[PDB]
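These notes concern the structure reproduced below.
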Amino acid sequence: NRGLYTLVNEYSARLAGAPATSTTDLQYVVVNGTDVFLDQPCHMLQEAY
Amino acid sequence: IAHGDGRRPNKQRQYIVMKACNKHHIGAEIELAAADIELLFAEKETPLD
């Protein structure tokens, strides 16, 4: 809801609100963020293809 | 690589890889007829021998 310059600063820095895991079997929710490299654009724009 | 996150900073690991030596053997067979060995040591004086 904030100004869209602060959204750009949030898009690269802060990790988003609970994406999936990486390299598991049943696709759990991510936790503790040790080496997590997830750039999802379907979260900010609120669309799906 | 030294990292800047909160996980356990993992120590280096020295691998000891223990190899062997594959041996091989090669041989060829050569026939020499008995009429060839016999006139090899035989005494000769004529220009046909």
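As you go down the protein sequences, you meet chains X and S in turn.
So the first sequence is numbered by the entry's author numbering: it starts at 1279 and just counts up by one.
So the second sequence is numbered by the entry's author numbering: it starts at 100 and just counts up by one.
Think of the CB as a built atom: it goes at the ideal place given N, C-alpha and C, for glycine as much as any other residue.
The Cβ of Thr1301/X sits no closer than 7 Å to any Cβ of chain S. Note that the C-beta distance between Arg112/S and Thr1312/X is not below 7 Å. Taken through DSSP and simplified to helix, strand or coil, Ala119/S comes out as coil.
DSSP, read as helix, strand or coil, puts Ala1298/X in strand. For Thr1284/X, the enclosing alpha helix (DSSP H) starts and ends at 1282–1291.
Between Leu138/S and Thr145/S, the alpha-carbon positions lie close to 13 Å from each other. Straight across, the Cα-Cα distance linking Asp148/S with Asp135/S is about 13 Å.
Taking 7 Å as the cut-off, the Cβ atoms of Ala1294/X and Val1307/X do not count as close.
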